[PDB]
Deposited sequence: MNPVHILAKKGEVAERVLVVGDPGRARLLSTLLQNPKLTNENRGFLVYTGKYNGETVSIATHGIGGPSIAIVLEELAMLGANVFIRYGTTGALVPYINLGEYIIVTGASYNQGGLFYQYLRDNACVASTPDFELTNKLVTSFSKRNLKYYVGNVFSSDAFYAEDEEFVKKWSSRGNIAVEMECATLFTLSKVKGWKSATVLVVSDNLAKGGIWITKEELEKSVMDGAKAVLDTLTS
């Protein structure tokens, strides 16, 4: 590896990946005896225990290219189970802020990364591991957390303009929008890794919350994700 400078044995098999470095650190406090195993290029990687199991919490930055690089290196260091945990903008009105979304599939625009990996333009099903996603569902319900199940659209251009964004993607079976799921799912399915994703709705593009309520929402969801990784 060349971005994640941790050494083999400092990265657990089970990994909770987040886009923000500040969140990884913040969430590292939910672990027993948290240890910073990397900080190169800003990709903070924490390792510790939870429910008598070794778990890592890594940063993947923003975008397909970035997370693809982080997954590849975490895997080279032993990781083979990934659960992305982030925030997202909902594409449907009936979903409120602070509630969660367990991802079942990712729509995406063809090209770049996908072309380079898939070697052609075929639309390979971009889905998470079935077992692991069901385990996520069981966890969130066990903790009485309000969650919705559906596909998301993984966008590459946050600021690109599209006058029909919400209608287009919502009418295409997508209930929210983020940026890494398509790369995570497809890359996982190719490399043989088990992956899933849970998102915190921080905005509704089709229809508010305090910073406290949100972090509380992020915290509750994290315990559910961490439970699943060690279940």
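- In this chain the deposited sequence has gaps in the coordinates at 1-2, 210-212, listed in sequence order.
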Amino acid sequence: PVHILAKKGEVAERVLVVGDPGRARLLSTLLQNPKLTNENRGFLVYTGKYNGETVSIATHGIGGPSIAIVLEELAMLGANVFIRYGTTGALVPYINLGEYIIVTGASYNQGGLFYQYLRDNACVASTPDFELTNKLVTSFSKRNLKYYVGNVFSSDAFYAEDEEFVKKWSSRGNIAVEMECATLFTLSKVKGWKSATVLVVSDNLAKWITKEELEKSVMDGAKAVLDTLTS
From here on, numbers count along this sequence of modelled residues.
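Between two forms, the rigid core is the largest collection of C-alphas that superpose within 1.5 Å.
- Farther from the shown form on average, by C-alpha root mean square after a core fit in 8 other deposited structures of this protein, is 155-163, of the stretches 155-163 and 98-106.
- In terms of root mean square C-alpha deviation after superposing on the rigid core in 8 other deposited structures of this protein, the stretch standing farther out between 13-21 and 213-221 is 213-221.
- Judged by mean Cα B factor in the deposited record, 52-60 ranks above the other of 52-60 and 182-190.
- Just going by the entry, 95-103 versus 151-159 on mean CA temperature factor gives the higher value to 95-103.
- Across the options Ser66, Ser195, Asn40, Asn174, the residue with the most elevated CA B-factor in the record is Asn40.
- In this PDB entry, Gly111 carries a Cα temperature factor that places it within the middle third of its chain's modelled residues.
- Looking at the C-alpha B-factors along this chain, the one for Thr127 belongs to the lowest third.
- Per the PDB record, residue ranking by Cα B-factor puts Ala79 in the highest third of the chain.
- Ranked within its chain, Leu71 lands in the lowest third, by CA B factor from the PDB record.
- When the CA B factors of the chain's modelled residues are split into thirds, the value for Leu44 lands in the middle one.
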